[PDB]
$ cat structure_4.pdb   # PDB, C-alpha atoms (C1' of nucleotides)
MODEL        1
ATOM      1  CA  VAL H   4     102.607 106.368-140.380  1.00  0.00           C
ATOM      2  CA  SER H   5     105.655 104.267-141.318  1.00  0.00           C
ATOM      3  CA  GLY H   6     106.972 104.016-137.764  1.00  0.00           C
ATOM      4  CA  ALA H   7     104.266 101.426-137.086  1.00  0.00           C
ATOM      5  CA  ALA H   8     105.220  99.148-139.975  1.00  0.00           C
ATOM      6  CA  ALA H   9     108.724  99.368-138.510  1.00  0.00           C
ATOM      7  CA  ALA H  10     107.404  98.726-134.987  1.00  0.00           C
ATOM      8  CA  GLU H  11     106.206  95.313-136.172  1.00  0.00           C
ATOM      9  CA  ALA H  12     109.785  94.243-136.908  1.00  0.00           C
ATOM     10  CA  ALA H  13     111.241  95.930-133.828  1.00  0.00           C
ATOM     11  CA  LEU H  14     108.674  93.891-131.857  1.00  0.00           C
ATOM     12  CA  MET H  15     109.649  90.565-133.440  1.00  0.00           C
ATOM     13  CA  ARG H  16     113.434  91.048-133.275  1.00  0.00           C
ATOM     14  CA  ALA H  17     112.897  91.684-129.544  1.00  0.00           C
ATOM     15  CA  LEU H  18     111.356  88.249-128.902  1.00  0.00           C
ATOM     16  CA  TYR H  19     113.903  86.525-131.136  1.00  0.00           C
ATOM     17  CA  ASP H  20     116.865  87.707-129.042  1.00  0.00           C
ATOM     18  CA  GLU H  21     115.228  86.287-125.898  1.00  0.00           C
ATOM     19  CA  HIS H  22     113.432  83.095-126.983  1.00  0.00           C
ATOM     20  CA  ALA H  23     114.815  81.683-130.257  1.00  0.00           C
ATOM     21  CA  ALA H  24     118.214  80.516-128.980  1.00  0.00           C
ATOM     22  CA  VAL H  25     116.353  78.754-126.143  1.00  0.00           C
ATOM     23  CA  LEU H  26     113.515  77.199-128.167  1.00  0.00           C
ATOM     24  CA  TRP H  27     116.168  75.713-130.445  1.00  0.00           C
ATOM     25  CA  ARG H  28     117.607  73.670-127.571  1.00  0.00           C
ATOM     26  CA  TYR H  29     114.182  72.213-126.755  1.00  0.00           C
ATOM     27  CA  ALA H  30     113.560  70.887-130.258  1.00  0.00           C
ATOM     28  CA  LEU H  31     117.220  69.817-130.213  1.00  0.00           C
ATOM     29  CA  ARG H  32     116.854  67.506-127.230  1.00  0.00           C
ATOM     30  CA  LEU H  33     113.619  66.193-128.729  1.00  0.00           C
ATOM     31  CA  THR H  34     115.030  65.456-132.216  1.00  0.00           C
ATOM     32  CA  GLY H  35     118.789  65.005-131.778  1.00  0.00           C
ATOM     33  CA  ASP H  36     119.247  66.893-135.066  1.00  0.00           C
ATOM     34  CA  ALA H  37     120.215  70.567-134.946  1.00  0.00           C
ATOM     35  CA  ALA H  38     119.195  71.010-138.595  1.00  0.00           C
ATOM     36  CA  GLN H  39     115.544  70.062-138.120  1.00  0.00           C
ATOM     37  CA  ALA H  40     115.543  72.118-134.917  1.00  0.00           C
ATOM     38  CA  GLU H  41     116.720  75.099-136.963  1.00  0.00           C
ATOM     39  CA  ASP H  42     113.761  74.461-139.272  1.00  0.00           C
ATOM     40  CA  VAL H  43     111.163  74.033-136.511  1.00  0.00           C
ATOM     41  CA  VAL H  44     112.312  77.207-134.751  1.00  0.00           C
ATOM     42  CA  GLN H  45     111.613  79.358-137.803  1.00  0.00           C
ATOM     43  CA  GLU H  46     108.300  77.599-138.452  1.00  0.00           C
ATOM     44  CA  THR H  47     107.232  78.240-134.847  1.00  0.00           C
ATOM     45  CA  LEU H  48     108.250  81.897-134.764  1.00  0.00           C
ATOM     46  CA  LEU H  49     106.557  82.510-138.118  1.00  0.00           C
ATOM     47  CA  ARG H  50     103.317  81.178-136.654  1.00  0.00           C
ATOM     48  CA  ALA H  51     103.944  83.387-133.613  1.00  0.00           C
ATOM     49  CA  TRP H  52     104.180  86.464-135.836  1.00  0.00           C
ATOM     50  CA  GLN H  53     100.958  85.118-137.364  1.00  0.00           C
ATOM     51  CA  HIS H  54      99.241  84.791-133.935  1.00  0.00           C
ATOM     52  CA  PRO H  55      99.669  88.178-132.202  1.00  0.00           C
ATOM     53  CA  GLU H  56      97.000  87.289-129.599  1.00  0.00           C
ATOM     54  CA  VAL H  57      99.849  85.643-127.649  1.00  0.00           C
ATOM     55  CA  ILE H  58     102.631  88.239-127.438  1.00  0.00           C
ATOM     56  CA  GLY H  59     100.269  91.175-126.878  1.00  0.00           C
ATOM     57  CA  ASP H  60      99.813  90.304-123.194  1.00  0.00           C
ATOM     58  CA  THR H  61     103.508  90.988-122.541  1.00  0.00           C
ATOM     59  CA  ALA H  62     103.041  90.209-118.837  1.00  0.00           C
ATOM     60  CA  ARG H  63     102.301  86.520-119.619  1.00  0.00           C
ATOM     61  CA  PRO H  64     104.822  83.715-120.342  1.00  0.00           C
ATOM     62  CA  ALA H  65     105.226  83.536-124.130  1.00  0.00           C
ATOM     63  CA  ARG H  66     108.082  81.008-124.129  1.00  0.00           C
ATOM     64  CA  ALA H  67     105.655  78.580-122.496  1.00  0.00           C
ATOM     65  CA  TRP H  68     103.285  78.792-125.461  1.00  0.00           C
ATOM     66  CA  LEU H  69     106.181  78.462-127.915  1.00  0.00           C
ATOM     67  CA  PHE H  70     107.433  75.195-126.422  1.00  0.00           C
ATOM     68  CA  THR H  71     104.061  73.506-126.970  1.00  0.00           C
ATOM     69  CA  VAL H  72     103.861  74.746-130.575  1.00  0.00           C
ATOM     70  CA  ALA H  73     107.231  73.138-131.279  1.00  0.00           C
ATOM     71  CA  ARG H  74     106.591  69.917-129.322  1.00  0.00           C
ATOM     72  CA  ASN H  75     103.504  69.422-131.490  1.00  0.00           C
ATOM     73  CA  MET H  76     105.242  70.059-134.815  1.00  0.00           C
ATOM     74  CA  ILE H  77     107.998  67.549-134.036  1.00  0.00           C
ATOM     75  CA  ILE H  78     105.521  64.712-133.533  1.00  0.00           C
ATOM     76  CA  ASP H  79     103.679  65.834-136.660  1.00  0.00           C
ATOM     77  CA  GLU H  80     107.010  64.992-138.302  1.00  0.00           C
ATOM     78  CA  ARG H  81     107.117  61.674-136.397  1.00  0.00           C
ATOM     79  CA  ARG H  82     103.902  60.942-138.322  1.00  0.00           C
ATOM     80  CA  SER H  83     103.406  58.325-141.047  1.00  0.00           C
ATOM     81  CA  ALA H  84     105.858  60.317-143.186  1.00  0.00           C
ATOM     82  CA  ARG H  85     108.664  59.187-140.821  1.00  0.00           C
ATOM     83  CA  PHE H  86     107.762  55.618-139.840  1.00  0.00           C
ATOM     84  CA  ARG H  87     108.681  54.109-143.208  1.00  0.00           C
ATOM     85  CA  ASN H  88     111.796  55.980-144.358  1.00  0.00           C
ATOM     86  CA  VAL H  89     113.851  57.179-141.371  1.00  0.00           C
TER      87      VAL H  89
ATOM     88  CA  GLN S 247     142.213  87.231-101.450  1.00  0.00           C
ATOM     89  CA  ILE S 248     143.204  85.795-104.838  1.00  0.00           C
ATOM     90  CA  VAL S 249     146.519  87.648-104.658  1.00  0.00           C
ATOM     91  CA  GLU S 250     146.713  86.314-101.091  1.00  0.00           C
ATOM     92  CA  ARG S 251     146.579  82.669-102.161  1.00  0.00           C
ATOM     93  CA  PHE S 252     148.577  82.560-105.421  1.00  0.00           C
ATOM     94  CA  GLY S 253     151.039  85.372-104.719  1.00  0.00           C
ATOM     95  CA  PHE S 254     154.124  83.145-104.605  1.00  0.00           C
ATOM     96  CA  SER S 255     153.925  82.835-108.425  1.00  0.00           C
ATOM     97  CA  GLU S 256     154.583  85.730-110.795  1.00  0.00           C
ATOM     98  CA  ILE S 257     152.450  83.991-113.429  1.00  0.00           C
ATOM     99  CA  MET S 258     149.261  84.287-111.367  1.00  0.00           C
ATOM    100  CA  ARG S 259     149.945  87.932-110.498  1.00  0.00           C
ATOM    101  CA  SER S 260     150.398  88.557-114.222  1.00  0.00           C
ATOM    102  CA  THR S 261     147.111  86.767-114.912  1.00  0.00           C
ATOM    103  CA  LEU S 262     145.171  88.939-112.467  1.00  0.00           C
ATOM    104  CA  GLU S 263     146.863  92.012-113.964  1.00  0.00           C
ATOM    105  CA  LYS S 264     146.317  91.197-117.667  1.00  0.00           C
ATOM    106  CA  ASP S 265     142.722  90.419-116.699  1.00  0.00           C
ATOM    107  CA  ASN S 266     140.059  92.328-118.632  1.00  0.00           C
ATOM    108  CA  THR S 267     137.065  92.713-116.290  1.00  0.00           C
ATOM    109  CA  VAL S 268     137.009  92.761-112.482  1.00  0.00           C
ATOM    110  CA  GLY S 269     134.027  92.231-110.190  1.00  0.00           C
ATOM    111  CA  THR S 270     132.051  89.262-108.887  1.00  0.00           C
ATOM    112  CA  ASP S 271     129.018  90.061-111.070  1.00  0.00           C
ATOM    113  CA  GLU S 272     131.164  90.904-114.134  1.00  0.00           C
ATOM    114  CA  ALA S 273     133.260  87.794-114.778  1.00  0.00           C
ATOM    115  CA  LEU S 274     130.091  85.825-113.997  1.00  0.00           C
ATOM    116  CA  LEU S 275     128.322  87.266-117.042  1.00  0.00           C
ATOM    117  CA  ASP S 276     131.569  86.979-119.014  1.00  0.00           C
ATOM    118  CA  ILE S 277     131.413  83.224-118.406  1.00  0.00           C
ATOM    119  CA  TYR S 278     127.688  83.070-119.147  1.00  0.00           C
ATOM    120  CA  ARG S 279     127.982  84.661-122.590  1.00  0.00           C
ATOM    121  CA  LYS S 280     130.836  82.323-123.588  1.00  0.00           C
ATOM    122  CA  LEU S 281     129.189  79.137-122.290  1.00  0.00           C
ATOM    123  CA  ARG S 282     125.606  79.659-123.546  1.00  0.00           C
ATOM    124  CA  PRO S 283     125.783  82.399-126.192  1.00  0.00           C
ATOM    125  CA  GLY S 284     122.767  84.202-127.578  1.00  0.00           C
ATOM    126  CA  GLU S 285     120.749  84.431-124.349  1.00  0.00           C
ATOM    127  CA  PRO S 286     119.995  87.382-122.044  1.00  0.00           C
ATOM    128  CA  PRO S 287     122.442  87.234-119.120  1.00  0.00           C
ATOM    129  CA  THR S 288     120.753  87.311-115.719  1.00  0.00           C
ATOM    130  CA  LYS S 289     122.895  87.319-112.592  1.00  0.00           C
ATOM    131  CA  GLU S 290     120.831  84.485-111.102  1.00  0.00           C
ATOM    132  CA  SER S 291     120.437  82.573-114.382  1.00  0.00           C
ATOM    133  CA  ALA S 292     124.244  82.290-114.453  1.00  0.00           C
ATOM    134  CA  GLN S 293     124.614  81.850-110.689  1.00  0.00           C
ATOM    135  CA  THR S 294     122.324  78.830-111.063  1.00  0.00           C
ATOM    136  CA  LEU S 295     124.130  76.926-113.814  1.00  0.00           C
TER     137      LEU S 295
ATOM    138  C1'  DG Y   1     155.119  92.681-140.012  1.00  0.00           C
ATOM    139  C1'  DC Y   2     154.807  87.788-137.532  1.00  0.00           C
ATOM    140  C1'  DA Y   3     152.428  84.199-134.535  1.00  0.00           C
ATOM    141  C1'  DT Y   4     148.209  81.535-134.738  1.00  0.00           C
ATOM    142  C1'  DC Y   5     145.398  78.232-136.722  1.00  0.00           C
ATOM    143  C1'  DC Y   6     143.361  76.069-140.711  1.00  0.00           C
ATOM    144  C1'  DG Y   7     143.563  72.444-143.995  1.00  0.00           C
ATOM    145  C1'  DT Y   8     146.093  68.684-146.203  1.00  0.00           C
ATOM    146  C1'  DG Y   9     148.054  64.221-145.967  1.00  0.00           C
ATOM    147  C1'  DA Y  10     148.989  59.435-143.593  1.00  0.00           C
ATOM    148  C1'  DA Y  11     150.150  50.778-147.622  1.00  0.00           C
ATOM    149  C1'  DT Y  12     147.802  46.854-150.690  1.00  0.00           C
ATOM    150  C1'  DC Y  13     144.380  42.942-151.289  1.00  0.00           C
ATOM    151  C1'  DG Y  14     141.275  39.487-148.869  1.00  0.00           C
ATOM    152  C1'  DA Y  15     137.090  36.623-145.208  1.00  0.00           C
ATOM    153  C1'  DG Y  16     132.781  36.485-142.496  1.00  0.00           C
ATOM    154  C1'  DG Y  17     128.969  38.799-139.246  1.00  0.00           C
TER     155       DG Y  17
ATOM    156  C1'  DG N   1      94.726  73.789-131.720  1.00  0.00           C
ATOM    157  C1'  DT N   2      98.635  74.793-129.244  1.00  0.00           C
ATOM    158  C1'  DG N   3      99.767  78.701-123.967  1.00  0.00           C
ATOM    159  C1'  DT N   4     102.395  78.582-115.257  1.00  0.00           C
ATOM    160  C1'  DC N   5     109.074  75.693-114.420  1.00  0.00           C
ATOM    161  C1'  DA N   6     109.405  73.730-119.022  1.00  0.00           C
ATOM    162  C1'  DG N   7     116.699  74.232-122.379  1.00  0.00           C
ATOM    163  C1'  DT N   8     122.531  68.828-126.881  1.00  0.00           C
ATOM    164  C1'  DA N   9     125.586  64.754-125.965  1.00  0.00           C
ATOM    165  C1'  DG N  10     129.760  64.420-126.474  1.00  0.00           C
ATOM    166  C1'  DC N  11     134.202  65.357-125.869  1.00  0.00           C
ATOM    167  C1'  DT N  12     141.102  66.182-126.862  1.00  0.00           C
ATOM    168  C1'  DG N  13     144.162  60.374-125.669  1.00  0.00           C
ATOM    169  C1'  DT N  14     147.139  61.605-133.422  1.00  0.00           C
ATOM    170  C1'  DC N  15     150.918  64.562-135.716  1.00  0.00           C
ATOM    171  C1'  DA N  16     154.032  66.890-139.144  1.00  0.00           C
ATOM    172  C1'  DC N  17     153.885  70.639-142.215  1.00  0.00           C
ATOM    173  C1'  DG N  18     152.887  74.675-145.071  1.00  0.00           C
ATOM    174  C1'  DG N  19     150.652  79.008-145.689  1.00  0.00           C
ATOM    175  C1'  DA N  20     146.624  81.886-145.605  1.00  0.00           C
ATOM    176  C1'  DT N  21     144.296  83.908-141.683  1.00  0.00           C
ATOM    177  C1'  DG N  22     144.215  87.162-138.348  1.00  0.00           C
ATOM    178  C1'  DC N  23     146.133  90.857-134.107  1.00  0.00           C
TER     179       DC N  23
ATOM    180  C1'   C I   1     133.412  45.014-135.741  1.00  0.00           C
ATOM    181  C1'   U I   2     137.071  40.476-135.695  1.00  0.00           C
ATOM    182  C1'   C I   3     140.664  38.412-138.628  1.00  0.00           C
ATOM    183  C1'   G I   4     144.782  36.546-142.693  1.00  0.00           C
ATOM    184  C1'   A I   5     149.647  37.581-145.723  1.00  0.00           C
TER     185        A I   5
ENDMDL
END

$ encode --input "structure_4.pdb" --output "structure tokens"
Amino acid sequence: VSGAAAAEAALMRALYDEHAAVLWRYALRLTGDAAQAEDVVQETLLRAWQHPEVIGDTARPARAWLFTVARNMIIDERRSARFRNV
Amino acid sequence: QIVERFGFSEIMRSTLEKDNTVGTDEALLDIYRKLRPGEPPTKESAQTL
DNA sequence: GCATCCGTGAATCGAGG
DNA sequence: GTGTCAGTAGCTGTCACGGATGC
RNA sequence: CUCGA
């Protein structure tokens, strides 16, 4: 029924309120730019919604997976695309 | 005990009166949600910082 | 109906690193 | 592909003034 | 940044 298609959202908005405002600070310390951090946070959480094999085991630390996702994306930005222009 | 220490001043009595929330575990969370907004407030997560 | 708080403004030209 | 804690620096050492903003 | 009328 439709309650399930709504349950998807009600499941995401429940991890947002507990992990987004904290993940932001991590990418913040690592980039010194709150704007890029704002970008990386949404990128990360979109992937998370795309990888449900991580949140399903509620009893396991999800934040811990998130931090690594972000930490990797930041350096992907510190790639060749940054060395020349920044 | 607070009234015990600062009682000689009407201004401090008026502060404790005009206060909003009372309780050791109440004002603690009141500080937590003003200092680091947007996070779930645990009693120990605030007691730590 | 009124205190708070937001936004505005604050000299001119010139040298070198 | 990613998975045990994993969480800014910096900073207030300006001020007069008008009027929308807000209790 | 430091400086001149």

$ residues_around --input "structure_4.pdb" --residues "segment 39-55 of chain H" --least-positions-apart "5" --cutoff "6 Å" --atoms "all atoms listed in the file" --output "JSON, numbers by chain"
{"H": [27, 30, 31]}

$ resolve_selection --input "structure_4.pdb" --expression "the PyMOL selection byres ((chain I and resi 4) around 8)" --output "PDB file with C-alpha atoms (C1' of nucleotides), keeping the file's coordinate frame"
ATOM      1  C1'  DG Y  14     141.275  39.487-148.869  1.00  0.00           C
TER       2       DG Y  14
ATOM      3  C1'   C I   3     140.664  38.412-138.628  1.00  0.00           C
ATOM      4  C1'   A I   5     149.647  37.581-145.723  1.00  0.00           C
TER       5        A I   5
END

$ atom_distance --input "structure_4.pdb" --atom1 "atom CA of residue 274 of chain S" --atom2 "atom CA of residue 288 of chain S"
9.6 Å

$ interface_residues --input "structure_4.pdb" --of "chain H" --to "chain S" --cutoff "12 Å" --atoms "only C-alpha atoms" --output "list in words"
residues 17, 18, 19, 20, 21, 22, 23, 24, 25, 26, 27 and 28 of chain H

$ write_last_selection --input "structure_4.pdb" --atoms "C-alpha atoms" --output "short mmCIF file (atom, residue, chain, number, x, y, z; two decimals), in the coordinates of the input"
data_model
loop_
_atom_site.label_atom_id
_atom_site.label_comp_id
_atom_site.auth_asym_id
_atom_site.auth_seq_id
_atom_site.Cartn_x
_atom_site.Cartn_y
_atom_site.Cartn_z
CA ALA H 17 112.90 91.68 -129.54
CA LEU H 18 111.36 88.25 -128.90
CA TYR H 19 113.90 86.52 -131.14
CA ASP H 20 116.86 87.71 -129.04
CA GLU H 21 115.23 86.29 -125.90
CA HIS H 22 113.43 83.10 -126.98
CA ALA H 23 114.82 81.68 -130.26
CA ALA H 24 118.21 80.52 -128.98
CA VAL H 25 116.35 78.75 -126.14
CA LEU H 26 113.52 77.20 -128.17
CA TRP H 27 116.17 75.71 -130.44
CA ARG H 28 117.61 73.67 -127.57
#

$ residues_around --input "structure_4.pdb" --residues "residue 23 of chain N" --least-positions-apart "5" --cutoff "12 Å" --atoms "all atoms listed in the file" --output "list in words"
residues 1, 2, 3 and 4 of chain Y

$ write_last_selection --input "structure_4.pdb" --atoms "C-alpha atoms (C1' of nucleotides)" --output "PDB file, in the frame of the given file"
ATOM      1  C1'  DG Y   1     155.119  92.681-140.012  1.00  0.00           C
ATOM      2  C1'  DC Y   2     154.807  87.788-137.532  1.00  0.00           C
ATOM      3  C1'  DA Y   3     152.428  84.199-134.535  1.00  0.00           C
ATOM      4  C1'  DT Y   4     148.209  81.535-134.738  1.00  0.00           C
TER       5       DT Y   4
END

$ atom_distance --input "structure_4.pdb" --atom1 "atom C1' of residue 1 of chain I" --atom2 "atom CA of residue 87 of chain H"
27.4 Å

$ decode --input "structure_4.pdb" --residues "chain Y" --atoms "N, CA and C atoms (P, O5', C5', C4', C3', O3' and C1' of nucleotides)" --output "short mmCIF file (atom, residue, chain, number, x, y, z; two decimals), in the first residue's frame"
data_model
loop_
_atom_site.label_atom_id
_atom_site.label_comp_id
_atom_site.auth_asym_id
_atom_site.auth_seq_id
_atom_site.Cartn_x
_atom_site.Cartn_y
_atom_site.Cartn_z
"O5'" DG Y 1 -2.15 51.10 19.84
"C5'" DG Y 1 -1.11 52.02 20.14
"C4'" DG Y 1 -0.24 51.50 21.28
"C3'" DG Y 1 1.05 52.28 21.51
"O3'" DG Y 1 1.35 52.32 22.90
"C1'" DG Y 1 1.59 50.05 20.91
P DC Y 2 2.53 53.24 23.46
"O5'" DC Y 2 3.79 52.27 23.45
"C5'" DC Y 2 5.07 52.79 23.68
"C4'" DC Y 2 6.10 51.68 23.77
"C3'" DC Y 2 7.53 52.16 23.53
"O3'" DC Y 2 8.43 51.53 24.43
"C1'" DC Y 2 6.97 50.47 21.96
P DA Y 3 9.75 52.31 24.92
"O5'" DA Y 3 10.89 51.19 24.90
"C5'" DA Y 3 10.77 50.05 25.74
"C4'" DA Y 3 11.38 48.82 25.11
"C3'" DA Y 3 12.88 48.91 24.84
"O3'" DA Y 3 13.50 47.67 25.20
"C1'" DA Y 3 11.75 48.48 22.80
P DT Y 4 15.09 47.49 25.18
"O5'" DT Y 4 15.35 46.66 23.85
"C5'" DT Y 4 14.83 45.35 23.76
"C4'" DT Y 4 14.99 44.79 22.36
"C3'" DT Y 4 16.43 44.72 21.85
"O3'" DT Y 4 16.72 43.37 21.50
"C1'" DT Y 4 15.04 45.75 20.21
P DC Y 5 18.21 42.90 21.16
"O5'" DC Y 5 18.25 42.97 19.56
"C5'" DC Y 5 17.06 42.72 18.82
"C4'" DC Y 5 17.27 43.04 17.36
"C3'" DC Y 5 18.71 42.88 16.86
"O3'" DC Y 5 18.70 42.43 15.52
"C1'" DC Y 5 18.05 45.12 16.57
P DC Y 6 19.95 41.62 14.92
"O5'" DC Y 6 19.93 42.02 13.37
"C5'" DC Y 6 18.69 42.07 12.66
"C4'" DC Y 6 18.66 43.25 11.68
"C3'" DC Y 6 19.93 43.40 10.84
"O3'" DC Y 6 19.65 43.00 9.50
"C1'" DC Y 6 19.21 45.52 11.75
P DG Y 7 20.84 42.84 8.44
"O5'" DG Y 7 21.07 44.32 7.90
"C5'" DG Y 7 20.03 44.99 7.22
"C4'" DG Y 7 20.41 46.44 6.98
"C3'" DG Y 7 21.78 46.63 6.35
"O3'" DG Y 7 21.65 47.11 5.00
"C1'" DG Y 7 21.46 48.09 8.24
P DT Y 8 22.96 47.39 4.11
"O5'" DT Y 8 23.35 48.90 4.46
"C5'" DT Y 8 22.40 49.94 4.26
"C4'" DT Y 8 22.91 51.28 4.74
"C3'" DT Y 8 24.39 51.55 4.54
"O3'" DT Y 8 24.69 51.94 3.22
"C1'" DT Y 8 23.69 52.34 6.69
P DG Y 9 26.23 52.13 2.79
"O5'" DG Y 9 26.77 53.27 3.77
"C5'" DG Y 9 26.52 54.62 3.47
"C4'" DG Y 9 27.06 55.55 4.55
"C3'" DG Y 9 28.57 55.51 4.78
"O3'" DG Y 9 29.27 56.28 3.82
"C1'" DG Y 9 27.47 55.42 6.87
P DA Y 10 30.80 55.92 3.46
"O5'" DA Y 10 31.62 56.45 4.72
"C5'" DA Y 10 31.59 57.83 5.04
"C4'" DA Y 10 32.26 58.11 6.37
"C3'" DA Y 10 33.68 57.59 6.49
"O3'" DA Y 10 34.61 58.50 5.95
"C1'" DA Y 10 32.45 56.93 8.40
P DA Y 11 35.98 57.96 5.32
"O5'" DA Y 11 36.71 59.30 4.85
"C5'" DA Y 11 35.94 60.37 4.35
"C4'" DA Y 11 36.77 61.28 3.47
"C3'" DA Y 11 37.70 60.56 2.51
"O3'" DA Y 11 37.03 60.25 1.29
"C1'" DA Y 11 38.90 62.26 3.67
P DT Y 12 37.73 59.31 0.20
"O5'" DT Y 12 38.94 60.20 -0.37
"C5'" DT Y 12 38.66 61.40 -1.09
"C4'" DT Y 12 39.93 62.00 -1.66
"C3'" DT Y 12 40.92 60.99 -2.21
"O3'" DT Y 12 40.65 60.73 -3.59
"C1'" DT Y 12 42.05 62.63 -0.84
P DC Y 13 41.17 59.36 -4.26
"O5'" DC Y 13 42.74 59.60 -4.45
"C5'" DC Y 13 43.21 60.32 -5.57
"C4'" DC Y 13 44.64 60.76 -5.39
"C3'" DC Y 13 45.69 59.66 -5.47
"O3'" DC Y 13 45.97 59.29 -6.80
"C1'" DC Y 13 46.19 61.15 -3.67
P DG Y 14 46.68 57.88 -7.10
"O5'" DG Y 14 48.09 58.00 -6.36
"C5'" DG Y 14 49.03 58.99 -6.77
"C4'" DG Y 14 50.25 58.98 -5.89
"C3'" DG Y 14 50.97 57.65 -5.77
"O3'" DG Y 14 51.78 57.40 -6.89
"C1'" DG Y 14 50.82 58.69 -3.63
P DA Y 15 52.17 55.88 -7.25
"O5'" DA Y 15 53.21 55.48 -6.11
"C5'" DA Y 15 54.33 56.31 -5.88
"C4'" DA Y 15 55.30 55.68 -4.92
"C3'" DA Y 15 55.68 54.24 -5.24
"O3'" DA Y 15 56.66 54.20 -6.26
"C1'" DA Y 15 55.52 54.64 -2.86
P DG Y 16 57.02 52.79 -6.94
"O5'" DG Y 16 57.35 51.86 -5.69
"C5'" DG Y 16 58.39 50.91 -5.77
"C4'" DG Y 16 58.66 50.30 -4.41
"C3'" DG Y 16 58.38 48.81 -4.31
"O3'" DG Y 16 59.50 48.06 -4.74
"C1'" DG Y 16 57.43 49.94 -2.44
P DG Y 17 59.28 46.58 -5.32
"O5'" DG Y 17 58.91 45.70 -4.03
"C5'" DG Y 17 59.87 45.55 -2.99
"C4'" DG Y 17 59.29 44.78 -1.81
"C3'" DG Y 17 58.68 43.43 -2.15
"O3'" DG Y 17 59.66 42.40 -2.15
"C1'" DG Y 17 57.15 44.67 -0.83
#
